[PDB]
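Structure file coords.tsv (TSV, N, CA and C atoms) is printed below.
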chain	number	residue	atom	x	y	z
A	1	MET	N	98.68	98.48	109.57
A	1	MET	CA	99.69	99.54	109.74
A	1	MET	C	99.59	100.55	108.59
A	2	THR	N	99.38	101.82	108.95
A	2	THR	CA	99.60	102.98	108.07
A	2	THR	C	100.87	103.70	108.56
A	3	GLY	N	101.36	104.68	107.77
A	3	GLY	CA	102.47	105.55	108.20
A	3	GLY	C	102.13	106.32	109.47
A	4	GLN	N	100.82	106.60	109.64
A	4	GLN	CA	100.24	107.18	110.85
A	4	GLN	C	100.45	106.22	112.05
A	5	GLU	N	99.94	104.98	111.93
A	5	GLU	CA	100.02	103.94	112.99
A	5	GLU	C	101.48	103.65	113.37
A	6	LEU	N	102.36	103.73	112.36
A	6	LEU	CA	103.78	103.39	112.50
A	6	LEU	C	104.49	104.42	113.39
A	7	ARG	N	104.34	105.72	113.06
A	7	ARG	CA	104.95	106.81	113.85
A	7	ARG	C	104.35	106.86	115.27
A	8	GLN	N	103.03	106.63	115.38
A	8	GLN	CA	102.31	106.62	116.67
A	8	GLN	C	102.78	105.44	117.54
A	9	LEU	N	103.17	104.33	116.89
A	9	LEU	CA	103.71	103.15	117.58
A	9	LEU	C	105.11	103.46	118.16
A	10	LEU	N	105.88	104.31	117.44
A	10	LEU	CA	107.24	104.73	117.86
A	10	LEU	C	107.16	105.82	118.97
A	11	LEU	N	106.18	106.73	118.84
A	11	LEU	CA	106.01	107.91	119.71
A	11	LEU	C	105.39	107.51	121.07
A	12	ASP	N	104.34	106.67	121.04
A	12	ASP	CA	103.68	106.16	122.27
A	12	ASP	C	104.65	105.27	123.07
A	13	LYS	N	105.53	104.55	122.35
A	13	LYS	CA	106.44	103.58	122.96
A	13	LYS	C	107.68	104.26	123.56
A	14	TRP	N	108.51	104.87	122.69
A	14	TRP	CA	109.86	105.37	123.05
A	14	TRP	C	109.90	106.90	123.15
A	15	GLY	N	108.84	107.57	122.69
A	15	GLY	CA	108.74	109.04	122.78
A	15	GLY	C	109.53	109.77	121.71
A	16	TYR	N	109.90	109.04	120.64
A	16	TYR	CA	110.65	109.58	119.49
A	16	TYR	C	110.18	108.89	118.21
A	17	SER	N	110.21	109.63	117.10
A	17	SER	CA	109.82	109.12	115.78
A	17	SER	C	111.06	108.59	115.03
A	18	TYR	N	111.32	107.28	115.17
A	18	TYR	CA	112.53	106.62	114.62
A	18	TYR	C	112.38	106.25	113.14
A	19	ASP	N	113.53	106.07	112.49
A	19	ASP	CA	113.60	105.55	111.12
A	19	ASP	C	113.44	104.03	111.16
A	20	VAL	N	112.75	103.47	110.16
A	20	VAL	CA	112.51	102.03	110.03
A	20	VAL	C	112.87	101.58	108.60
A	21	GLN	N	113.73	100.56	108.47
A	21	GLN	CA	114.22	100.06	107.16
A	21	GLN	C	114.17	98.54	107.11
A	22	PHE	N	113.86	98.00	105.92
A	22	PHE	CA	113.81	96.55	105.67
A	22	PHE	C	115.22	95.99	105.44
A	23	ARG	N	115.43	94.73	105.85
A	23	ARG	CA	116.68	94.00	105.61
A	23	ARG	C	116.38	92.51	105.40
A	24	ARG	N	116.96	91.95	104.34
A	24	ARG	CA	116.84	90.54	103.98
A	24	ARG	C	118.11	89.79	104.39
A	25	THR	N	117.93	88.69	105.13
A	25	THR	CA	119.02	87.78	105.52
A	25	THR	C	118.50	86.34	105.52
A	26	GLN	N	119.24	85.44	104.82
A	26	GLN	CA	118.92	83.99	104.67
A	26	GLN	C	117.66	83.74	103.80
A	27	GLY	N	116.98	84.81	103.35
A	27	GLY	CA	115.68	84.71	102.68
A	27	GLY	C	114.52	85.11	103.59
A	28	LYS	N	114.85	85.67	104.76
A	28	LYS	CA	113.88	86.24	105.72
A	28	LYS	C	113.86	87.76	105.56
A	29	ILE	N	112.73	88.40	105.92
A	29	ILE	CA	112.60	89.87	105.91
A	29	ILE	C	112.43	90.39	107.36
A	30	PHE	N	113.19	91.44	107.70
A	30	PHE	CA	113.20	92.07	109.03
A	30	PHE	C	112.97	93.58	108.87
A	31	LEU	N	112.20	94.18	109.78
A	31	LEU	CA	112.06	95.64	109.86
A	31	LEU	C	112.94	96.17	111.00
A	32	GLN	N	114.11	96.70	110.65
A	32	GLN	CA	115.09	97.23	111.61
A	32	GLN	C	114.78	98.70	111.94
A	33	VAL	N	114.26	98.92	113.15
A	33	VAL	CA	114.07	100.25	113.71
A	33	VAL	C	115.44	100.83	114.09
A	34	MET	N	115.90	101.81	113.31
A	34	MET	CA	117.14	102.56	113.57
A	34	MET	C	117.00	103.41	114.84
A	35	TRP	N	118.14	103.69	115.48
A	35	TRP	CA	118.23	104.53	116.69
A	35	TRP	C	118.19	106.03	116.35
A	36	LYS	N	118.18	106.34	115.04
A	36	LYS	CA	118.10	107.71	114.54
A	36	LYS	C	116.63	108.11	114.38
A	37	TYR	N	116.30	109.31	114.86
A	37	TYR	CA	114.92	109.82	114.91
A	37	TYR	C	114.87	111.26	114.38
A	38	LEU	N	113.68	111.72	113.92
A	38	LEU	CA	113.52	113.03	113.25
A	38	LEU	C	113.81	114.22	114.20
A	39	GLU	N	113.78	113.97	115.52
A	39	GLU	CA	114.07	114.98	116.55
A	39	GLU	C	115.59	115.29	116.61
A	40	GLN	N	116.41	114.39	116.02
A	40	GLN	CA	117.85	114.63	115.77
A	40	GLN	C	118.02	115.69	114.67
A	41	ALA	N	118.96	116.62	114.89
A	41	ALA	CA	119.27	117.73	113.96
A	41	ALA	C	119.84	117.20	112.62
A	42	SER	N	120.65	116.13	112.71
A	42	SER	CA	121.37	115.54	111.56
A	42	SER	C	120.62	114.32	110.98
A	43	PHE	N	119.28	114.42	110.90
A	43	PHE	CA	118.44	113.35	110.31
A	43	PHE	C	118.45	113.47	108.75
A	44	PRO	N	118.73	112.34	107.99
A	44	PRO	CA	118.92	112.38	106.50
A	44	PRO	C	117.62	112.64	105.69
A	45	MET	N	116.46	112.66	106.37
A	45	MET	CA	115.16	112.95	105.74
A	45	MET	C	114.51	114.17	106.42
A	46	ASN	N	113.81	114.98	105.62
A	46	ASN	CA	112.99	116.10	106.13
A	46	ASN	C	111.66	115.56	106.71
A	47	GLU	N	110.85	116.45	107.29
A	47	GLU	CA	109.63	116.08	108.04
A	47	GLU	C	108.62	115.30	107.17
A	48	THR	N	108.37	115.80	105.95
A	48	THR	CA	107.43	115.18	105.01
A	48	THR	C	108.01	113.87	104.44
A	49	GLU	N	109.30	113.92	104.01
A	49	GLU	CA	110.01	112.78	103.37
A	49	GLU	C	110.08	111.57	104.30
A	50	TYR	N	110.31	111.86	105.59
A	50	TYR	CA	110.35	110.87	106.68
A	50	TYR	C	108.98	110.17	106.81
A	51	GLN	N	107.90	110.95	106.72
A	51	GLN	CA	106.53	110.43	106.88
A	51	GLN	C	106.10	109.59	105.65
A	52	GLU	N	106.52	110.04	104.45
A	52	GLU	CA	106.29	109.32	103.18
A	52	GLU	C	107.08	107.99	103.18
A	53	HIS	N	108.26	108.01	103.85
A	53	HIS	CA	109.11	106.83	104.06
A	53	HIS	C	108.38	105.82	104.96
A	54	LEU	N	107.79	106.31	106.08
A	54	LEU	CA	107.03	105.47	107.02
A	54	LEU	C	105.85	104.79	106.33
A	55	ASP	N	105.15	105.57	105.49
A	55	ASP	CA	103.93	105.13	104.81
A	55	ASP	C	104.26	104.16	103.66
A	56	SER	N	105.48	104.30	103.10
A	56	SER	CA	106.00	103.39	102.07
A	56	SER	C	106.36	102.03	102.69
A	57	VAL	N	106.98	102.09	103.89
A	57	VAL	CA	107.29	100.91	104.72
A	57	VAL	C	105.99	100.19	105.12
A	58	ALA	N	105.01	100.99	105.58
A	58	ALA	CA	103.72	100.51	106.08
A	58	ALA	C	102.88	99.86	104.96
A	59	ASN	N	103.11	100.34	103.72
A	59	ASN	CA	102.50	99.77	102.50
A	59	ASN	C	102.93	98.30	102.32
A	60	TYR	N	104.25	98.05	102.53
A	60	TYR	CA	104.84	96.70	102.46
A	60	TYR	C	104.39	95.84	103.64
A	61	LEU	N	104.30	96.45	104.84
A	61	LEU	CA	103.83	95.77	106.05
A	61	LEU	C	102.38	95.24	105.85
A	62	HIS	N	101.58	96.04	105.12
A	62	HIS	CA	100.19	95.69	104.76
A	62	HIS	C	100.17	94.59	103.67
A	63	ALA	N	101.03	94.76	102.65
A	63	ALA	CA	101.09	93.87	101.46
A	63	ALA	C	101.52	92.45	101.84
A	64	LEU	N	102.52	92.36	102.72
A	64	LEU	CA	103.17	91.10	103.12
A	64	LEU	C	102.46	90.46	104.32
A	65	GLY	N	101.72	91.28	105.10
A	65	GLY	CA	101.06	90.83	106.33
A	65	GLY	C	101.97	90.90	107.55
A	66	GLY	N	103.13	91.58	107.39
A	66	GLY	CA	104.11	91.73	108.47
A	66	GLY	C	103.79	92.89	109.42
A	67	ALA	N	102.70	93.62	109.13
A	67	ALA	CA	102.25	94.77	109.93
A	67	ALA	C	101.81	94.36	111.33
A	68	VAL	N	101.06	93.24	111.40
A	68	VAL	CA	100.62	92.64	112.67
A	68	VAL	C	101.85	92.26	113.51
A	69	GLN	N	102.88	91.73	112.83
A	69	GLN	CA	104.13	91.27	113.46
A	69	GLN	C	104.89	92.44	114.12
A	70	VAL	N	104.84	93.63	113.48
A	70	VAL	CA	105.42	94.88	114.02
A	70	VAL	C	104.61	95.37	115.24
A	71	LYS	N	103.27	95.37	115.09
A	71	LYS	CA	102.32	95.83	116.12
A	71	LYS	C	102.25	94.87	117.32
A	72	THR	N	102.71	93.63	117.13
A	72	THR	CA	102.80	92.63	118.19
A	72	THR	C	104.17	92.71	118.88
A	73	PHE	N	105.23	92.90	118.07
A	73	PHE	CA	106.62	92.90	118.56
A	73	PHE	C	106.88	94.12	119.45
A	74	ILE	N	106.76	95.34	118.86
A	74	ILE	CA	107.11	96.61	119.52
A	74	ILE	C	106.30	96.82	120.82
A	75	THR	N	104.98	96.57	120.75
A	75	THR	CA	104.06	96.83	121.87
A	75	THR	C	104.43	95.96	123.11
A	76	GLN	N	104.79	94.68	122.87
A	76	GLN	CA	105.11	93.73	123.96
A	76	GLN	C	106.56	93.87	124.45
A	77	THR	N	107.51	94.14	123.53
A	77	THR	CA	108.96	94.14	123.84
A	77	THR	C	109.35	95.37	124.69
A	78	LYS	N	110.44	95.25	125.45
A	78	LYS	CA	110.98	96.35	126.28
A	78	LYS	C	112.25	96.94	125.64
A	79	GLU	N	112.60	96.44	124.43
A	79	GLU	CA	113.75	96.92	123.64
A	79	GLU	C	113.58	98.39	123.25
A	80	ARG	N	114.69	99.13	123.32
A	80	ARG	CA	114.83	100.47	122.74
A	80	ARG	C	115.96	100.44	121.70
A	81	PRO	N	115.77	101.11	120.51
A	81	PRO	CA	116.84	101.24	119.51
A	81	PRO	C	117.99	102.12	120.07
A	82	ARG	N	119.18	101.51	120.13
A	82	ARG	CA	120.39	102.08	120.73
A	82	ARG	C	121.53	102.04	119.70
A	83	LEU	N	122.53	102.92	119.87
A	83	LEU	CA	123.73	102.98	119.00
A	83	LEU	C	124.44	101.61	118.95
A	84	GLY	N	124.18	100.85	117.87
A	84	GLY	CA	124.76	99.52	117.65
A	84	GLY	C	123.73	98.40	117.74
A	85	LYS	N	122.65	98.63	118.50
A	85	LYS	CA	121.55	97.66	118.66
A	85	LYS	C	120.28	98.23	118.00
A	86	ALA	N	119.95	97.72	116.81
A	86	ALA	CA	118.69	98.05	116.12
A	86	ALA	C	117.61	97.05	116.54
A	87	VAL	N	116.36	97.53	116.63
A	87	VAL	CA	115.21	96.66	116.91
A	87	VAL	C	114.81	95.97	115.59
A	88	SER	N	115.46	94.81	115.33
A	88	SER	CA	115.29	94.06	114.08
A	88	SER	C	114.07	93.14	114.23
A	89	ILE	N	112.90	93.70	113.89
A	89	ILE	CA	111.60	93.03	114.02
A	89	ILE	C	111.50	91.86	113.02
A	90	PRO	N	111.42	90.57	113.51
A	90	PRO	CA	111.21	89.41	112.63
A	90	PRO	C	109.80	89.46	112.01
A	91	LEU	N	109.75	89.65	110.69
A	91	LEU	CA	108.49	89.65	109.95
A	91	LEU	C	108.23	88.23	109.46
A	92	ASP	N	107.51	87.47	110.30
A	92	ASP	CA	107.08	86.11	109.98
A	92	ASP	C	106.01	86.20	108.90
A	93	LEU	N	106.25	85.52	107.78
A	93	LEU	CA	105.28	85.38	106.70
A	93	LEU	C	104.92	83.89	106.54
A	94	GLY	N	105.10	83.13	107.64
A	94	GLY	CA	104.76	81.72	107.67
A	94	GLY	C	103.25	81.53	107.59
A	95	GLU	N	102.55	81.95	108.65
A	95	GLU	CA	101.07	81.93	108.70
A	95	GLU	C	100.49	83.10	107.88
A	96	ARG	N	101.26	84.20	107.81
A	96	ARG	CA	100.80	85.49	107.27
A	96	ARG	C	100.68	85.48	105.75
A	97	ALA	N	101.58	84.75	105.06
A	97	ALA	CA	101.56	84.64	103.59
A	97	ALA	C	100.73	83.44	103.13
A	98	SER	N	100.80	82.32	103.87
A	98	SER	CA	100.17	81.04	103.45
A	98	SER	C	98.62	81.12	103.32
A	99	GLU	N	98.03	82.23	103.80
A	99	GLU	CA	96.60	82.53	103.60
A	99	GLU	C	96.27	82.69	102.09
A	100	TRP	N	97.09	83.48	101.34
A	100	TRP	CA	96.82	83.77	99.91
A	100	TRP	C	97.40	82.68	99.00
A	101	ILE	N	98.30	81.85	99.56
A	101	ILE	CA	98.75	80.60	98.90
A	101	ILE	C	97.55	79.63	98.81
A	102	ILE	N	96.64	79.73	99.81
A	102	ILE	CA	95.42	78.90	99.92
A	102	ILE	C	95.80	77.45	100.26
A	103	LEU	N	95.99	77.20	101.57
A	103	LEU	CA	96.30	75.86	102.09
A	103	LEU	C	95.00	75.04	102.19
A	104	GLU	N	94.89	74.00	101.36
A	104	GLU	CA	93.69	73.14	101.29
A	104	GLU	C	93.83	71.99	102.32
Would it be possible to restate this file's structure as structure tokens?
Amino acid sequence: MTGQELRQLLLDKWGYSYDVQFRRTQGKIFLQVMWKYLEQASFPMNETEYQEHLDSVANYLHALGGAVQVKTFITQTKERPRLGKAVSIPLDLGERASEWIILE
């Protein structure tokens, strides 16, 4: 996942470039796709800032190995981000992290 792949995943899927933010609960990490998109007039980020935000998110998706989990979740799921329902993507780092732990 790059910031490029991330926006293209949102645009090919739902036809809008949505905001994506990380959330920690119980010690798990989730990528919550907000229902707010840059095509909205009252979006809190400008065009460039929004894209730098996507690429910053995508940097973590690459670092943690949760990028595959996003590209597997969104593509298969029929969920759309709606007012009150965020697409809270479970970033499994079970198999994804244990590679660099080196399981003998």
Exercise: region 92-98 of chain A partners within 8 Å, only C-alpha atoms, chain neighbours under 4 positions left out, as a ChimeraX atom specification: /A:29,64-66,69,102-103
Output N, CA and C atoms for every residue in the selection just made, as an mmCIF file, in the frame of the given file.
data_model
loop_
_atom_site.group_PDB
_atom_site.id
_atom_site.type_symbol
_atom_site.label_atom_id
_atom_site.label_comp_id
_atom_site.auth_asym_id
_atom_site.auth_seq_id
_atom_site.Cartn_x
_atom_site.Cartn_y
_atom_site.Cartn_z
ATOM 1 N N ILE A 29 112.730 88.400 105.920
ATOM 2 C CA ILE A 29 112.600 89.870 105.910
ATOM 3 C C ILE A 29 112.430 90.390 107.360
ATOM 4 N N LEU A 64 102.520 92.360 102.720
ATOM 5 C CA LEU A 64 103.170 91.100 103.120
ATOM 6 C C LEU A 64 102.460 90.460 104.320
ATOM 7 N N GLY A 65 101.720 91.280 105.100
ATOM 8 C CA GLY A 65 101.060 90.830 106.330
ATOM 9 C C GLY A 65 101.970 90.900 107.550
ATOM 10 N N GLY A 66 103.130 91.580 107.390
ATOM 11 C CA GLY A 66 104.110 91.730 108.470
ATOM 12 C C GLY A 66 103.790 92.890 109.420
ATOM 13 N N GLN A 69 102.880 91.730 112.830
ATOM 14 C CA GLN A 69 104.130 91.270 113.460
ATOM 15 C C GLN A 69 104.890 92.440 114.120
ATOM 16 N N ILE A 102 96.640 79.730 99.810
ATOM 17 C CA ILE A 102 95.420 78.900 99.920
ATOM 18 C C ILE A 102 95.800 77.450 100.260
ATOM 19 N N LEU A 103 95.990 77.200 101.570
ATOM 20 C CA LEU A 103 96.300 75.860 102.090
ATOM 21 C C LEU A 103 95.000 75.040 102.190
#
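Using only N, CA and C atoms for every distance, the candidate list A:88, A:3, A:68, A:27 yields A:3 as the residue closest to residue 52 (chain A).
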Atomic distance CA of residue 41 (chain A) - CA of residue 86 (chain A), expressed in Å with one decimal: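 Taking CA of residue 41 (chain A) as the start and CA of residue 86 (chain A) as the end point, the length is 19.8 Å.
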Selected residue of minimal separation from residue 4 (chain A) among A:55, A:104, A:79, A:99, counting only C-alpha atoms: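 When distances to residue 4 (chain A) are compared using only C-alpha atoms, the smallest one comes from A:55.
Compared by their closest atoms to residue 81 (chain A), and using only N, CA and C atoms, the residues A:7, A:62, A:28, A:36 rank with A:36 nearest.
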Taking the backbone alone, and naming residues the way the document does, which bits of region 52-92 of chain A are strand (DSSP E) by DSSP, as JSON, numbers by chain? {"A": [87, 88, 89, 90, 91]}
May I ask for the distance between atom C of residue 50 (chain A) and atom C of residue 38 (chain A), given in Å to one decimal place?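 Answer for the atom C of residue 50 (chain A) to atom C of residue 38 (chain A) separation: 9.7 Å.
Across the model, the gap from atom C of residue 1 (chain A) to atom C of residue 57 (chain A) is 7.3 Å.
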Which is closer to residue 5 (chain A) than all the others in A:61, A:101, A:83, A:89, using only C-alpha atoms?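 Closest candidate: A:61.
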In chain A, what's alpha helix (DSSP H) per DSSP? Answer as a JSON list (two decimals) with N, CA and C atoms, keeping the file's coordinate frame?
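Output (selection-v9.json):
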[["chain", "number", "residue", "atom", "x", "y", "z"],
["A", 3, "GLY", "N", 101.36, 104.68, 107.77],
["A", 3, "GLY", "CA", 102.47, 105.55, 108.20],
["A", 3, "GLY", "C", 102.13, 106.32, 109.47],
["A", 4, "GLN", "N", 100.82, 106.60, 109.64],
["A", 4, "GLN", "CA", 100.24, 107.18, 110.85],
["A", 4, "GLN", "C", 100.45, 106.22, 112.05],
["A", 5, "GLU", "N", 99.94, 104.98, 111.93],
["A", 5, "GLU", "CA", 100.02, 103.94, 112.99],
["A", 5, "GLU", "C", 101.48, 103.65, 113.37],
["A", 6, "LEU", "N", 102.36, 103.73, 112.36],
["A", 6, "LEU", "CA", 103.78, 103.39, 112.50],
["A", 6, "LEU", "C", 104.49, 104.42, 113.39],
["A", 7, "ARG", "N", 104.34, 105.72, 113.06],
["A", 7, "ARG", "CA", 104.95, 106.81, 113.85],
["A", 7, "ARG", "C", 104.35, 106.86, 115.27],
["A", 8, "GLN", "N", 103.03, 106.63, 115.38],
["A", 8, "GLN", "CA", 102.31, 106.62, 116.67],
["A", 8, "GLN", "C", 102.78, 105.44, 117.54],
["A", 9, "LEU", "N", 103.17, 104.33, 116.89],
["A", 9, "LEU", "CA", 103.71, 103.15, 117.58],
["A", 9, "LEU", "C", 105.11, 103.46, 118.16],
["A", 10, "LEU", "N", 105.88, 104.31, 117.44],
["A", 10, "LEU", "CA", 107.24, 104.73, 117.86],
["A", 10, "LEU", "C", 107.16, 105.82, 118.97],
["A", 11, "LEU", "N", 106.18, 106.73, 118.84],
["A", 11, "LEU", "CA", 106.01, 107.91, 119.71],
["A", 11, "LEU", "C", 105.39, 107.51, 121.07],
["A", 12, "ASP", "N", 104.34, 106.67, 121.04],
["A", 12, "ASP", "CA", 103.68, 106.16, 122.27],
["A", 12, "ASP", "C", 104.65, 105.27, 123.07],
["A", 13, "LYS", "N", 105.53, 104.55, 122.35],
["A", 13, "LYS", "CA", 106.44, 103.58, 122.96],
["A", 13, "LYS", "C", 107.68, 104.26, 123.56],
["A", 14, "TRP", "N", 108.51, 104.87, 122.69],
["A", 14, "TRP", "CA", 109.86, 105.37, 123.05],
["A", 14, "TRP", "C", 109.90, 106.90, 123.15],
["A", 47, "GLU", "N", 110.85, 116.45, 107.29],
["A", 47, "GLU", "CA", 109.63, 116.08, 108.04],
["A", 47, "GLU", "C", 108.62, 115.30, 107.17],
["A", 48, "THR", "N", 108.37, 115.80, 105.95],
["A", 48, "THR", "CA", 107.43, 115.18, 105.01],
["A", 48, "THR", "C", 108.01, 113.87, 104.44],
["A", 49, "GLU", "N", 109.30, 113.92, 104.01],
["A", 49, "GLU", "CA", 110.01, 112.78, 103.37],
["A", 49, "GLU", "C", 110.08, 111.57, 104.30],
["A", 50, "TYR", "N", 110.31, 111.86, 105.59],
["A", 50, "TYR", "CA", 110.35, 110.87, 106.68],
["A", 50, "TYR", "C", 108.98, 110.17, 106.81],
["A", 51, "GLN", "N", 107.90, 110.95, 106.72],
["A", 51, "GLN", "CA", 106.53, 110.43, 106.88],
["A", 51, "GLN", "C", 106.10, 109.59, 105.65],
["A", 52, "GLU", "N", 106.52, 110.04, 104.45],
["A", 52, "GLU", "CA", 106.29, 109.32, 103.18],
["A", 52, "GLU", "C", 107.08, 107.99, 103.18],
["A", 53, "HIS", "N", 108.26, 108.01, 103.85],
["A", 53, "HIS", "CA", 109.11, 106.83, 104.06],
["A", 53, "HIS", "C", 108.38, 105.82, 104.96],
["A", 54, "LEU", "N", 107.79, 106.31, 106.08],
["A", 54, "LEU", "CA", 107.03, 105.47, 107.02],
["A", 54, "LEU", "C", 105.85, 104.79, 106.33],
["A", 55, "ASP", "N", 105.15, 105.57, 105.49],
["A", 55, "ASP", "CA", 103.93, 105.13, 104.81],
["A", 55, "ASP", "C", 104.26, 104.16, 103.66],
["A", 56, "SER", "N", 105.48, 104.30, 103.10],
["A", 56, "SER", "CA", 106.00, 103.39, 102.07],
["A", 56, "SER", "C", 106.36, 102.03, 102.69],
["A", 57, "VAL", "N", 106.98, 102.09, 103.89],
["A", 57, "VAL", "CA", 107.29, 100.91, 104.72],
["A", 57, "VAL", "C", 105.99, 100.19, 105.12],
["A", 58, "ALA", "N", 105.01, 100.99, 105.58],
["A", 58, "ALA", "CA", 103.72, 100.51, 106.08],
["A", 58, "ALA", "C", 102.88, 99.86, 104.96],
["A", 59, "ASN", "N", 103.11, 100.34, 103.72],
["A", 59, "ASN", "CA", 102.50, 99.77, 102.50],
["A", 59, "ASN", "C", 102.93, 98.30, 102.32],
["A", 60, "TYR", "N", 104.25, 98.05, 102.53],
["A", 60, "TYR", "CA", 104.84, 96.70, 102.46],
["A", 60, "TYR", "C", 104.39, 95.84, 103.64],
["A", 61, "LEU", "N", 104.30, 96.45, 104.84],
["A", 61, "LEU", "CA", 103.83, 95.77, 106.05],
["A", 61, "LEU", "C", 102.38, 95.24, 105.85],
["A", 62, "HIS", "N", 101.58, 96.04, 105.12],
["A", 62, "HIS", "CA", 100.19, 95.69, 104.76],
["A", 62, "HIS", "C", 100.17, 94.59, 103.67],
["A", 63, "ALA", "N", 101.03, 94.76, 102.65],
["A", 63, "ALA", "CA", 101.09, 93.87, 101.46],
["A", 63, "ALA", "C", 101.52, 92.45, 101.84],
["A", 64, "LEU", "N", 102.52, 92.36, 102.72],
["A", 64, "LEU", "CA", 103.17, 91.10, 103.12],
["A", 64, "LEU", "C", 102.46, 90.46, 104.32],
["A", 67, "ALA", "N", 102.70, 93.62, 109.13],
["A", 67, "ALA", "CA", 102.25, 94.77, 109.93],
["A", 67, "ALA", "C", 101.81, 94.36, 111.33],
["A", 68, "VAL", "N", 101.06, 93.24, 111.40],
["A", 68, "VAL", "CA", 100.62, 92.64, 112.67],
["A", 68, "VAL", "C", 101.85, 92.26, 113.51],
["A", 69, "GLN", "N", 102.88, 91.73, 112.83],
["A", 69, "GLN", "CA", 104.13, 91.27, 113.46],
["A", 69, "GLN", "C", 104.89, 92.44, 114.12],
["A", 70, "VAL", "N", 104.84, 93.63, 113.48],
["A", 70, "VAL", "CA", 105.42, 94.88, 114.02],
["A", 70, "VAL", "C", 104.61, 95.37, 115.24],
["A", 71, "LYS", "N", 103.27, 95.37, 115.09],
["A", 71, "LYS", "CA", 102.32, 95.83, 116.12],
["A", 71, "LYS", "C", 102.25, 94.87, 117.32],
["A", 72, "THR", "N", 102.71, 93.63, 117.13],
["A", 72, "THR", "CA", 102.80, 92.63, 118.19],
["A", 72, "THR", "C", 104.17, 92.71, 118.88],
["A", 73, "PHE", "N", 105.23, 92.90, 118.07],
["A", 73, "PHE", "CA", 106.62, 92.90, 118.56],
["A", 73, "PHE", "C", 106.88, 94.12, 119.45],
["A", 74, "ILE", "N", 106.76, 95.34, 118.86],
["A", 74, "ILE", "CA", 107.11, 96.61, 119.52],
["A", 74, "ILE", "C", 106.30, 96.82, 120.82],
["A", 75, "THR", "N", 104.98, 96.57, 120.75],
["A", 75, "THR", "CA", 104.06, 96.83, 121.87],
["A", 75, "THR", "C", 104.43, 95.96, 123.11],
["A", 76, "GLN", "N", 104.79, 94.68, 122.87],
["A", 76, "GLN", "CA", 105.11, 93.73, 123.96],
["A", 76, "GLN", "C", 106.56, 93.87, 124.45],
["A", 94, "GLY", "N", 105.10, 83.13, 107.64],
["A", 94, "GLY", "CA", 104.76, 81.72, 107.67],
["A", 94, "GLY", "C", 103.25, 81.53, 107.59],
["A", 95, "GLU", "N", 102.55, 81.95, 108.65],
["A", 95, "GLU", "CA", 101.07, 81.93, 108.70],
["A", 95, "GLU", "C", 100.49, 83.10, 107.88],
["A", 96, "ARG", "N", 101.26, 84.20, 107.81],
["A", 96, "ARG", "CA", 100.80, 85.49, 107.27],
["A", 96, "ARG", "C", 100.68, 85.48, 105.75],
["A", 97, "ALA", "N", 101.58, 84.75, 105.06],
["A", 97, "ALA", "CA", 101.56, 84.64, 103.59],
["A", 97, "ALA", "C", 100.73, 83.44, 103.13],
["A", 98, "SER", "N", 100.80, 82.32, 103.87],
["A", 98, "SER", "CA", 100.17, 81.04, 103.45],
["A", 98, "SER", "C", 98.62, 81.12, 103.32],
["A", 99, "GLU", "N", 98.03, 82.23, 103.80],
["A", 99, "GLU", "CA", 96.60, 82.53, 103.60],
["A", 99, "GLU", "C", 96.27, 82.69, 102.09],
["A", 100, "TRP", "N", 97.09, 83.48, 101.34],
["A", 100, "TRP", "CA", 96.82, 83.77, 99.91],
["A", 100, "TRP", "C", 97.40, 82.68, 99.00],
["A", 101, "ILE", "N", 98.30, 81.85, 99.56],
["A", 101, "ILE", "CA", 98.75, 80.60, 98.90],
["A", 101, "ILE", "C", 97.55, 79.63, 98.81]]
Neighbouring residues of region 10-21 of chain A were defined as those with any atom within 6.5 Å, considering all atoms listed in the file; residues of the same chain fewer than 2 positions away were excluded. Please report them as JSON, numbers by chain. {"A": [5, 6, 7, 8, 23, 30, 31, 32, 33, 34, 35, 36, 37, 38, 39]}
Output, as AutoDock Vina command-line options, the centre and edge lengths in Å (one decimal) of the axis-aligned box that contains all listed atoms of region 3-16 of chain A with 3 Å of margin on each side.
--center_x 105.3 --center_y 106.5 --center_z 115.7 --size_x 16.7 --size_y 12.6 --size_z 21.8
Distance criterion (all atoms listed in the file): nearest to residue 75 (chain A) out of A:9, A:58, A:100, A:48: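 Once distances to residue 75 (chain A) are computed over all atoms listed in the file, the minimum belongs to A:9.
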